[PDB]
Amino acid sequence: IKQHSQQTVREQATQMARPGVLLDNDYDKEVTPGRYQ
Amino acid sequence: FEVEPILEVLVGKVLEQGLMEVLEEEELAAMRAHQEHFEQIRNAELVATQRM
C-alpha cells in the first residue's frame, strides 16, 4: 500500500502586442541572466 | 479574471477607432474650410471686375 500523486494537464495561450485591437495588461517580472552551464 | 480579456480587447478597439475617426474628421472639415475660403475671395473679385 503506497501513495502516488496525480494531476491533469493544463494549457496556456500567448498573444503578442498587436498593432490593432489589442491592449495587454502588464503583470510581468524582470530578471538578469547571469552565467549559464 | 473572467472580465480581463473582454475588457482589454474592447478598450484598445475603442481607443483606436476614436483616434482614426478624429484624424479623418479633422482633415475633411479643414479641407471644407479651405474650399470655402477660396470660394469667398473668388466671388468678391468677380463683383469688382463686373463693376469695372
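Rules and cut-offs
- Residues numbered from 1 in each chain as written, not as in the entry; some residues may be left out.
- Chains lettered and ligands numbered in written order.
- Part of a larger assembly, values for the part shown.
- Heavy atoms only, no water.
- Helix = DSSP H or I, 4+ residues; strand = E, 2+ residues; numbered from the N terminus.
- Rg over C-alpha atoms; globule rule 2.2 N^0.38 Å.
- Buried < 20%, exposed > 50% of the residue type's maximum accessible area, 1.4 Å probe, protein only.
- Areas by Shrake-Rupley, 256 points an atom, 1.4 Å probe, with all protein chains shown as cover.
- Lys, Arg positive; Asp, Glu negative; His and termini not counted.
- Charge placed at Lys NZ, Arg CZ, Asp CG, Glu CD.
- 1 Å grid on protein atoms, 1.4 Å probe; cavity = no way out; pocket = protein on both sides within 12 Å on 5 of 7 lines; lining within 4 Å.
- Points joined across faces, edges and corners; volume = space filled by probe spheres on them.
- Nonpolar A, V, L, I, M, F, W, Y, C, P; charged D, E, K, R; others polar.
- Contact = heavy atoms within 4.5 Å.
- Buried area = accessible area lost by both parts, 1.4 Å probe.
- Salt bridge = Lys/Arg side-chain N within 4 Å of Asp/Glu carboxyl O.
- Patch = residues over 30% accessible without salt bridge, like charges linked within 9 Å, V, L, I, M, F, W, Y side chains within 5 Å.

Participant: Provide a residue-level description of the overall build of chain B, including the pertinent values.
Facilitator: In terms of regular secondary structure, chain B is built from one helix and zero strands. Over its C-alpha atoms chain B spans a radius of gyration of 23 Å, topping by over 25% the 10 Å that the globule rule assigns to 52 residues. Burial status across chain B gives 4% buried among its 52 residues. When the accessible surface of chain B is split by element, carbon and sulfur atoms take 66% of a total near 4900 Å². When the 4 positive and 12 negative side-chain charges of chain B are each reduced to one mean point, those points stand 18 Å apart.

Participant: Break down the layout of surface pockets for me, citing the residues and quoting the values.
Facilitator: Regions of empty space are outlined by a rolling probe, equal in size to a water molecule, passed over the atoms. Estimated volume of the largest pocket: approximately 660 Å³. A13, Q15, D24 and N25 of chain A together with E4 of chain B are the residues nearest the centre of the largest pocket, which is lined by 16 residues in total. Looking at the lining of the largest pocket residue by residue, the class counts come to seven nonpolar, four polar and five charged.

Participant: Please provide a residue-by-residue account of the interface of chain B and chain A, values included.
Facilitator: It is common to give the size of an interface as the accessible area that goes away when the parts come together. Counting residues at the interface gives six residues for chain B and five residues for chain A. Together, the buried faces of chain B and chain A total about 490 Å²; carbon and sulfur atoms form 55% of this surface. Here chain B is connected to chain A by zero salt bridges.

Participant: Run through a negative patch on the surface, naming residues and quoting values.
Facilitator: A cluster of acidic side chains, namely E21, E24, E25, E26 and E27 of chain B, defines a negative patch on the protein surface. Topologically, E26 of chain B is positioned in helix α1 (residues 4–51).

Participant: Can you tell me about a nonpolar patch on the surface, naming the residues and giving the values?
Facilitator: Residues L23 of chain A together with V3, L7, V11 and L15 of chain B make up a contiguous nonpolar surface patch of about 430 Å² in total accessible area. Mapped onto the elements of the fold, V3 of chain B is located in the segment before α1.

Participant: Report on the side chain of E8 of chain B, specifying residues and quantitative values.
Facilitator: Following the sequence through the fold, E8 of chain B ends up in helix α1. No salt bridge forms around the buried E8 of chain B; measuring N to O, its nearest opposite-charge neighbour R18 of chain A is 9.3 Å away. Sequence-distant contacts of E8 of chain B, that is, excluding residues within four places in its chain, are made with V21, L22, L23, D24 and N25 of chain A.

Participant: Give me the environment of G18 of chain B: which residues, what numbers.
Facilitator: Along the polypeptide, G18 of chain B turns up in helix α1. Between the C-alpha atoms of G18 of chain B and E4 of chain B, which are 14 residues apart in sequence, the distance is 21 Å.

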